[PDB]
Amino acid sequence: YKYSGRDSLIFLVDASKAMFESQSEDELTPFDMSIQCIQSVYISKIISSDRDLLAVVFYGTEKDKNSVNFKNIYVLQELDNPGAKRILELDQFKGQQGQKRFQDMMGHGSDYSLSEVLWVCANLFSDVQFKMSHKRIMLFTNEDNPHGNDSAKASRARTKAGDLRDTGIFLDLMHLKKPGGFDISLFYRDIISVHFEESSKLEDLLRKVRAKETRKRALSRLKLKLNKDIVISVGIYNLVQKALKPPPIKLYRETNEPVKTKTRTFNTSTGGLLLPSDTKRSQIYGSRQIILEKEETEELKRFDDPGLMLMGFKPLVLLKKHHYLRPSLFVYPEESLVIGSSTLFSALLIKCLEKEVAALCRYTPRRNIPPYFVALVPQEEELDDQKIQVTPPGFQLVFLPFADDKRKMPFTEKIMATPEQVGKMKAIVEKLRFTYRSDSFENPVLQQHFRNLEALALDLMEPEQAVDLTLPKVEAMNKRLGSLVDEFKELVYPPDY
Amino acid sequence: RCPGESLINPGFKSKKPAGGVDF
Amino acid sequence: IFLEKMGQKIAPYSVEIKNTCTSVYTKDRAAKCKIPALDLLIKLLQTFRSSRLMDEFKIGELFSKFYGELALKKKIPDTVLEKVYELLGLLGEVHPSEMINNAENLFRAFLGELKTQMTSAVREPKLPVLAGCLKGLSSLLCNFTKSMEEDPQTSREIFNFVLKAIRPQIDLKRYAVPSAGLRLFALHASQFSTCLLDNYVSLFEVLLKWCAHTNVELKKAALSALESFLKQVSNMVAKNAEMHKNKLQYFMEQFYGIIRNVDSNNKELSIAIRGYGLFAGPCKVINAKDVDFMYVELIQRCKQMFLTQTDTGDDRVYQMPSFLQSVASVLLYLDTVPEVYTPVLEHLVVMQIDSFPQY
Amino acid sequence: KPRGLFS
Amino acid sequence: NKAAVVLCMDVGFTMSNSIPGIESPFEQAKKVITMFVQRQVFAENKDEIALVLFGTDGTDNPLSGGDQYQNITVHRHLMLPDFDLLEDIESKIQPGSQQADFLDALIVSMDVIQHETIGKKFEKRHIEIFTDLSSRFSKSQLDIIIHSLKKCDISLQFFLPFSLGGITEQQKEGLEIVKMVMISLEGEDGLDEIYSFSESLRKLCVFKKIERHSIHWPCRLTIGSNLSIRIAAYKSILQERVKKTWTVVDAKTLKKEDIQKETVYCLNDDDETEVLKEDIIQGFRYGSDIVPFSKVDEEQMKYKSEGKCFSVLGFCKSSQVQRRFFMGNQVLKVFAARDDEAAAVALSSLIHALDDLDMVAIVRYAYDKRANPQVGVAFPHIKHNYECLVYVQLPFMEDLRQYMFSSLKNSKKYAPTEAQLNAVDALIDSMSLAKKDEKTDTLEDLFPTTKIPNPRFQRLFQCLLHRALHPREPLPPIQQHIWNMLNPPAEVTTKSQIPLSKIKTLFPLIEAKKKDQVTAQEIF
DNA sequence: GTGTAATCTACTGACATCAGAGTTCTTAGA
DNA sequence: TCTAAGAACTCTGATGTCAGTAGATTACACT
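Residue numbers (full-length UniProt numbering), protein chains in the order written: chain A, 30 to 222, 231 to 534; chain B, 179 to 201; chain C, 91 to 449; chain D, 293 to 299; chain E, 6 to 170, 196 to 554.
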C-alpha cells in the first residue's frame, strides 16, 4: 500500500466460561493466553510503531458496551494509538485472581452471535478518521463450531463475513488447544482466507521483537546529468542507517508537563534582544579578524545545484576497499519525473555488469552542500531463496575519500613470521570458523534501554536485564579452540609475560 | 504473500531471532 | 462574521472580545488559533476607530506586547508573522497620539526587514512575510507621513521597494505580493509623488497591465491604484508651470483612447472617467478654452457609457456616478460660460436617482 | 618526502 | 617540528627583462613567493619565516660591507607569517636599478639563521634562493659554506626562470655552478632541491591539505581468554572537518563577547520561567504517553561496558560480508604495539594466516569506558612494506533496512530494446577514464580522486584570503582552476560526444520543472 | 458583477544530518 | 618538581527533506 496508511488491528476474545475458566492441564489458560498475547503484541507495537492503531473487545460477556447491536459484547478499548494506560487496563484481568476480577465486572458464559460481533467491529473501524493500509481482526476463540446449531443463525455470520472481506477489511484466526480436538474444516473454513494441536503461528506473537520499523521512503530525488543536457530522475534510498535512542523530551518536575526550551540572544552590556540581522559571523587568523554575514557563511560552501554529474568509468578492482567514507546508499529509478528514463537506467545497469565497470559521479544531495565523489557500482538480485529478495537490483553509491581525509599514520617495517608460525595459526583460524549473517547481532545498549524504559513505564517489578550477544562466550572459545594458545606461548615468544 | 511477512508488523520482513557466534 | 454583521452597533461591552483575543494568542500554541485571534483584533480595532472605547483598549500596551515578538521573529511561523505586521502597522493608523515616539523605530524595523526580505542572496523571499510588511506599512503611512518634502532618502527607499513589488519583473503563480504593493501605492501615492513624474510611463504601463489579469481581488486592487495615481499626478500640476504639457499629453491621449473604445470591465473604464475629471485644475493653467470642451466631451461621452449594448447587471452598478464624480473640477475655480448642461442635467438627475434602488 | 616551499 | 624558512630574493634590475612569452623573472619569483606565503598564512604550523632582498639599491643587514655584504636588505626577521607580510610581498616590493650576488645574500641569510636559531626553538631549517643568475661573483667560501650547511643543519632550495629537461650563456654557466654546489651538498638528490618558476607556479596552485594526526590508542587484541597480543590502532580515513568554528560577533563593535546566549525556559501557563538546576527532569516517550526518568537514574540502570575492550568473536569467509553493508564513521588501521617484537611476529602470523583463506574476523570493540560497545569486520589486505588489517563497524539487526524494491528483470513494461542496448555498448567503453597505456595491468589512473584536495577548504581559505586583502569588497566567483581540477574533462569529453549523440535519439527525455534564485528579482 | 471550477502553495510529521557544545585523555609539561 | 593543548566520543538543535492534506487564489465563464 501507499506510504501514510496506518496498520490498524483489533483483538476480539471469546469471554465464554467453557474456554475462559478452562484447562486440561493447570499450566496455561486460554483467556490467560489470549490476554498475554494482546499485552505482548501491544508492547511490541508500542516500541516499534506508536503510529499504528490497536483495539480490544470481549464478546459473549453479560454486561455490555457498544455503539449499537449491543447484546452480550463489551468493547474494552476502542481504536487508539497505543500506550501505557491501555497495557495497564489489560494487566488487571490476567491470572488466577484475574479470572475472578473479570467476573465481578462483565460476567461469563452467556449466549453470543458472530454476525453481531463482526457488525460491532465493523462499526469500530468505520468510526475512525485516519487512513488505514491494513485492516485486520484477530479471533481468540476456541469454539470451532461457533454455535451454528441454528444454520440460519450461522448463514448470517458467513454472509456478514463475506461483507467484511468484500469491504476490504481482512480477518485472521488463532485456535487455542480445545480439549480433544479442533478442526477448521468443520467451520471457519470459509471465514479465513488437516487437524491441529495449537497454532504454530501463535508463538510469533510472543517474539517480543523490538526496533523501529520505518517503511520504504526516499531520502531525496536527483537528476543524473550525463552531460549539459541528458538527465534521468533517480531515487536515493537508505538501506543501512544507524539507529539512536529516541530524542529525550525535557519536563517540568512538579507536574511532569512538557516545557519549552525558549532560547534568545542578549547583548552582554544592554537589554537588546538581538535579532538575527544584528550579528554577523567571524574568524581569527594572523592576529586579524575576518567578518562575514549570516547569508554568506553559507554562500561559501556552495558549488552546484542538486543532481549527479557523470565523470566517466573505471575498473571495479581500482576502487580499493580499504578507504571507505560513510555508509553506502542505494540508487533506484523514479518515473515520478523524467518519464521513460527507466528504459535508459535499465540498459545502463545491465551493460555495466558485462563491462566489469563502475560509473564515477559527483554528488550533491541538496543546494548549499559541496560535491562529494561517488562510484556507482552496479547490482544484481539473489531471488533464489523463493523470491525473498536479500538484495535489490540497482546501483550502490559508494563514497570516495579526498586527500584531507586519509590521515598520516606512523612509520613501521617488519616481515617477521616463519611458515610454522603461519602454519599453527592456519589451524586455530580454521577451528574458529562460523557463519556471520548481517542480522545475527543486536545493540546491547539500545536493547537494554527499552527494557529499562518498560520497567519505568508499565510500572514493572524488575528491569528484564536480558544479557547481550556481543560478549564472546569465553568457555566455548576455551573448549572449541582447545589448549592451542600454548603454540604462540612456546613456538613464537619467550616466557617473560 | 505470507512466507516472509511478519504477523506482528505486516508488510515488513520477519525479524529472525538474533543469532550470535556458535560453531 | 458576527462583528461584521453587527458592526459598530453597541460598543460599551466590546473590550472583552479584545481580552479574549490577546488571552487566546498568548495561551494557545497553535498558529490556527493565533490566526483567528489576530484576525478578530484587526477587524475589532478597524471598526472601533472612531469609538468611545479606544483608550480603555490599552492601545499603548498593545504595541509593546506585539513589537517585543520581533525580538525572536525567526521562531514565529511565516503566516503568523503576516498578521503581527498587519496588526503593528494598524496601531499607527487607529490611535496616533500613543504611537508618537514608537513609529520611527517601527519604520527602521519595516524597511530593514523588507530590504532584507527583497534583496537577500541566500534564500528566495518568504512571500507571506513580505506581504505582511507591505500591508502593515500601508496603515503606518496614514499618520507619520514620509512625504518627499522631508525625509527624502527613506521616502525614495519606500518608493523603489514599491517598484520592486509592483513590477512583474518575473511572473508569480500567486499574487499576494503585488496585491499588497498595490494597496500601499493606492493609499500613499501622495507620499512619493516626485517619483510618479520620474518613472511615469513604466508606472502607468504596469498598472494598466495588472488590470487585464483575471484574478478578481488582484484586479480590484490594480484598478483602485490607477485612480489615486492620476489623483496625485493632478495635484503635482495644480500648482506647477508649463513644463508638464508633455506629460499631460500622454494622459489626455491614452486613457481617453481606452474610454472612447474598450471592451473591458467597468473598473478599467470608470477609472479613466475618474481620470478625465481630475485634469481640469491642471489644464485651466495653459488654457481656459480647453476646460469647457472637456465638460462638453464628458457629457458627449455619457451617451456611450450609456450604450454598453445589453450589458445586464454590471454597468449601472459603477458606470454613471463616475460621470458626476468627474465634472465639478471643470467649473469650481471659473466663472466664464453659459449652460445647456444645466437643463440636460435632468438627464443625469433622473437617470442617477432612478438607479438608487437598482444597485 | 618534500619540505620547505613544499611543506 | 618547528621550522625556519628564509626567502632570499633577487631584486636586481635584469630580472625585470624577459623571453616575451612569459612574465618577467622578477614578477615570476614574486608570484611564486606570493603563492607560497598564503599557505602558512592560513595553516596553523609553528614555522618562522624571514625575507632577504638582494640587488637592493640600499642595504640593511647585521654584517654590512663595502662590496660583499652589500646591495642586500634583511627586509623581515625570522618569525611566524602575517597578512602585512603578504601585502608587502604582493604590492610593496621593487626591483633595484643596481645588481647583486646570491652567494653574498646566502652568507648573510645563513648567518641570520645562526643568530635566530639560538634564542628561540626549532627542529628543521631551510634557506630559499630566487634569481635570474645575473649575480656576478668570485667563487670564494664554497667548501666552508657546504661544510657549514651540514654543521648548521640547514638545507638550500634554489629557484630559477628556465627548464631542467633564448637563455643567456651567463644563465647556462650559472646553472652549472648551481649544479656543482648541490652535487657538493647532496650528490644525486641535490638537483631535486632545484626548481623552475614554471613548474612551481604549476604546483603551488592550491592551499595546503589540512594537516592532522591520528592520536595514539594502546590496547590488547584478544583471540581467546588466555591469549592476548598488544595492539595500537590509528584512524586512517576520517571525513574531515575544519579546525576553527565561525565565532559570533556584534555588527558595530566587532567584539566576540558582547553577546550572551540565554537558553531560557517556559512552562506554557503564561510564562512561568523554570530553573534547570531544580525543576527540569528529562523524559523519554513511550507510545501515546510520556514517562519521566531522572538523568541520575538512567546512569543507575544504563548498560555499562566492563572494560575498554578489543576481543575477536570468531571468523568467516569474504562471502559472509558483502560490499554494501559497511556502516562506519571511521576506518582504523590496527597495528602491533611499538617495540613489541613478540607482538610483531604474532600479529604478522595472524594476518598472514588470513591472506590465503579469504577468511575475515568479527570483533567486539570499545574505544574507552562509558562509550557504546561496538561490532564488526577486521578486514585484511597486503602492501610490500606492511600487512594491512583494517577494522570497520557493521550493523546491528535494527540498523539494517529491508525493502522489496520492485525488481527490474520483469522488463515487459520498461523495454530494453536491441538498438538501445547497442548504443550503451559503446558509451561505457568510450567514456573510460582508466586507459590501458600499460603492461603492469594497472591502468593510467587518469583521474586520481583520492589525491585531490577537498574543494570545500580550498573555497573557504580562498574567501578568507580575498576578504583579508580587500577588507570591504564583495566575494569572488569560484576560482577557475578549481573547476578545471574538479571536472574530469580533457580527452574523455573529446571521445564522448558521438556515443552521447545517439543516446539523445534512442532514449526518451520527458520534462522536468525548474526553480529560481535571487534572479527572481536581480538586474538585466 | 457573481459563481464554480481547477491548482498552486502552503504546513506538519517524520527522518537525516551537519555543525556546535559538553566531556575525558594524551603529550608538553615550573 | 606537573598545567593546557591538542585529541577523542556523545549529545543536542537547526536546516532541509518527503508525502500528504487542504486551504485560498485565482483563474473561466455567463449572452
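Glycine included, every Cβ here is placed at the ideal spot set by N, Cα and C.
Cutoff 8 Å: residue i Cβ touching any chain C Cβ
{"i": "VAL548 of chain E", "result": "yes"}
{"i": "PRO407 of chain A", "result": "no"}
{"i": "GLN290 of chain E", "result": "no"}
{"i": "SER314 of chain A", "result": "yes"}
{"i": "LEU310 of chain A", "result": "yes"}
{"i": "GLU418 of chain A", "result": "no"}
From the options, residue whose alpha carbon lies closest to that of residue i
{"i": "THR170 of chain A", "options": "A:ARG403, A:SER63 and A:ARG187", "result": "A:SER63"}
{"i": "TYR225 of chain E", "options": "E:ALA262, E:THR136 and E:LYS286", "result": "E:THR136"}
{"i": "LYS207 of chain A", "options": "A:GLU234, A:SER214 and A:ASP192", "result": "A:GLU234"}
{"i": "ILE528 of chain E", "options": "E:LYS156, E:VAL454, E:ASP471 and E:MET331", "result": "E:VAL454"}
{"i": "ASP168 of chain C", "options": "C:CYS223, C:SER210 and C:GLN394", "result": "C:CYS223"}
{"i": "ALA121 of chain C", "options": "C:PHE345, C:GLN259, C:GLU172 and C:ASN250", "result": "C:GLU172"}
{"i": "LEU274 of chain C", "options": "C:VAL252, C:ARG264 and C:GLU295", "result": "C:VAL252"}
{"i": "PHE487 of chain A", "options": "A:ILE273, A:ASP476 and A:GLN502", "result": "A:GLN502"}
{"i": "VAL390 of chain E", "options": "E:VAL420, E:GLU474 and E:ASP398", "result": "E:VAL420"}
{"i": "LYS392 of chain A", "options": "E:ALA464, E:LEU490, E:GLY101 and E:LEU430", "result": "E:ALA464"}
{"i": "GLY138 of chain A", "options": "A:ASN101, A:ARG130 and A:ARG165", "result": "A:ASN101"}
{"i": "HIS185 of chain C", "options": "C:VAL327, C:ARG350, C:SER140 and C:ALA255", "result": "C:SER140"}
{"i": "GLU159 of chain C", "options": "C:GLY347, C:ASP145, C:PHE147 and C:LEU177", "result": "C:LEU177"}
Own chain partners of residue i with C-beta closer than 7 Å, once the 5 adjacent residues on each side are dropped
{"i": "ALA449 of chain E", "result": "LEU536"}
{"i": "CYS123 of chain C", "result": "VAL114"}
{"i": "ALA281 of chain E", "result": "none"}
Neighbour flag for residue i against chain D, beta carbons, 8 Å
{"i": "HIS131 of chain E", "result": "yes"}
{"i": "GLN488 of chain E", "result": "no"}
Residues near residue i by beta carbon distance below 6 Å, same chain, minus five either side
{"i": "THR78 of chain E", "result": "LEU58, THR61 and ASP65"}
{"i": "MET203 of chain A", "result": "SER236 and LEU239"}
Residue-chain proximity (residue i, chain A), Cβ-Cβ < 8 Å
{"i": "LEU320 of chain C", "result": "no"}
{"i": "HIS382 of chain E", "result": "yes"}
{"i": "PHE142 of chain E", "result": "no"}
{"i": "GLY313 of chain E", "result": "yes"}
CB of residue i within 8 Å of CB of residue j, strictly
{"i": "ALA312 of chain C", "j": "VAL267 of chain C", "result": "no"}
{"i": "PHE426 of chain E", "j": "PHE40 of chain A", "result": "no"}
{"i": "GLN290 of chain E", "j": "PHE410 of chain A", "result": "no"}
{"i": "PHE167 of chain E", "j": "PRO100 of chain E", "result": "no"}
{"i": "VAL351 of chain E", "j": "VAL393 of chain E", "result": "no"}
{"i": "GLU145 of chain A", "j": "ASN98 of chain A", "result": "yes"}
Any non-hydrogen atom of the ligand FMN within 7 Å of residue i CB
{"i": "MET453 of chain A", "result": "As presented, the structure is devoid of all ligands, the ligand FMN included, so that no description of it is given."}
Cβ neighbours of residue i in the same chain (closer than 8 Å, five flanking residues each side left out)
{"i": "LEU154 of chain E", "result": "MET115, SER160, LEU161 and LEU215"}
{"i": "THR334 of chain A", "result": "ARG318"}
Chain B contact for residue i (CB, 8 Å cutoff)
{"i": "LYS338 of chain A", "result": "no"}
- Query: Three or more beta-carbon pairs under 8 Å between the region 366-376 of chain A and the region 270-283 of chain A, yes or no?
  - Reply: yes
- Query: Given 8 Å as the limit, is there contact between the region 201-217 of chain A and the region 167-186 of chain A, that is, 3 or more CB pairs closer than that?
  - Reply: yes
- Message: Does the region 244-251 of chain E come into contact with the region 208-225 of chain E, if we say contact requires no fewer than three beta-carbon pairs (one atom in each stretch) closer than 8 Å?
- Response: no
- Task: Count the C-beta pairs between the region 371-390 of chain A and the region 322-335 of chain A that are closer than 8 Å, then say yes if the count reaches three, no if not.
- Result: no
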